[PDB]
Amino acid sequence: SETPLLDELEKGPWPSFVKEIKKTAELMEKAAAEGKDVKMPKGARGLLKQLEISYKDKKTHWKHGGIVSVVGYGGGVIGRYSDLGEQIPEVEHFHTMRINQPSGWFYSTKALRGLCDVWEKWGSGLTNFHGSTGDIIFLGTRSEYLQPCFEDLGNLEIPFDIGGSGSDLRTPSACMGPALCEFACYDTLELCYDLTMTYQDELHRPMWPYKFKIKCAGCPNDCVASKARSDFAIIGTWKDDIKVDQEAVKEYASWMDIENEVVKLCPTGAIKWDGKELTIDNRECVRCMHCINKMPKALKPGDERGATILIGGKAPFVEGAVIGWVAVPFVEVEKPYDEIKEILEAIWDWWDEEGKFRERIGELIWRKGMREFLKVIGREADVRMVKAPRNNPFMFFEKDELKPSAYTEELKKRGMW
């Protein structure tokens, strides 16, 4: 047995990745000997053997990556070199290309086939579907194949451009929203595609202090984990009354325990049911979705729709893990999204001019404070930004908020104003 540890992971009910890898090189090496235009046929097996050794050694066998991209773009290709790069010569390079995904990961078969032929010619055959950020991951290629491969993606009948990496606008992503879902408060997919197009430059050519991510969720259920995994989370919401179908409720309440499962679970006691009628107090609704989740045949999001902007989501490095906090309580979402774009560009001009090296936006706001952030985006402070007012009196005051005094004149006289 070539792989007496990876082998024992081809066993069991859950579909094995090892069998996915074993299958690939088996079919790439068979292809090559059939005269097929394959440039890395030993792709997966190079990877297979390196993986078996790492299981033995319980350590990685990849070393730091030398900068290598495509022509004209700064990002989208993650380099990688194997520290066994001569024992296993075919893993000397095993670079990944991040490929931009169609909004909401929708595909026709045509689109995917065209993707497959390119990677089988220029890559290892191994992919990832999908990446956490959203992109399709083409897994394992060499320095002098990236450019031809991208010429080919870019000459496909259904073409694919590169995703983003490094210090740039990452590939935006969006939940299925209006494609399949009846809670969708706006067209998540259109917004995501539009944004991705508008800021192509910003995505392909890193110039920023660090990376900036965007995710679009159609309702507060947040099916793309936007608040946790993007710096700028656009979460669908509504302002008027939840729409209630009163006969529909009655149906539900023939069998479903509406009192324990809905009333007693609403976080603000906003929803009441007396056996006869369902009442919602919308002044007391925080729009958590639960009641609509429970009874989608009865309850709908209200008519006056748009989205809340949560700023600053990020993994812990350097200053701690962030679930984004309220930046813009409500914003309209209609094409070409100029209200959203004004925000985005103001934040980026400011972040580029003020940010440190590898400082995420969330961390700049923590550094510079919310008053500067709000001034930049031209919005007023709003109680909804905080869970509670400050627990200490150490407030800054604008010099113009101060009453003119002998002391203020003294400060001006000295040049301390």
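All residue numbers refer to positions in the sequence shown, first residue = 1.
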Completion exercise
Between 105-113 and 306-314, the record assigns the higher mean Cα B factor to 105-113
Problem - Entry-level comparison of average CA B-factors, 60-68 and 350-358, reporting the higher stretch - result: 60-68
Practice task
Going by the CA temperature factor in the entry, name the top one among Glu319, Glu284, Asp83, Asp240.
Solution key: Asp83
Fill in the blank from the handout: Note to self: of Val376, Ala32, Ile365, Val383, the C-alpha temperature factor tops out at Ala32
Handout entry: Third assignment of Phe330 from its chain's C-alpha B-factors
Key = lowest
Handout entry: Chain-relative CA temperature factor third for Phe232
Key = lowest
Practice task
Would you check the entry's CA temperature factor for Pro178 and let me know if it's in the chain's lowest, middle or highest third?
Solution key: middle
Exercise for the section: Within this chain's modelled residues, let me know which third the CA B factor of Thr141 belongs to: lowest, middle or highest. Expected result: highest
Completion exercise
Split the chain's modelled residues into thirds by Cα B-factor; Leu126 lands in the highest
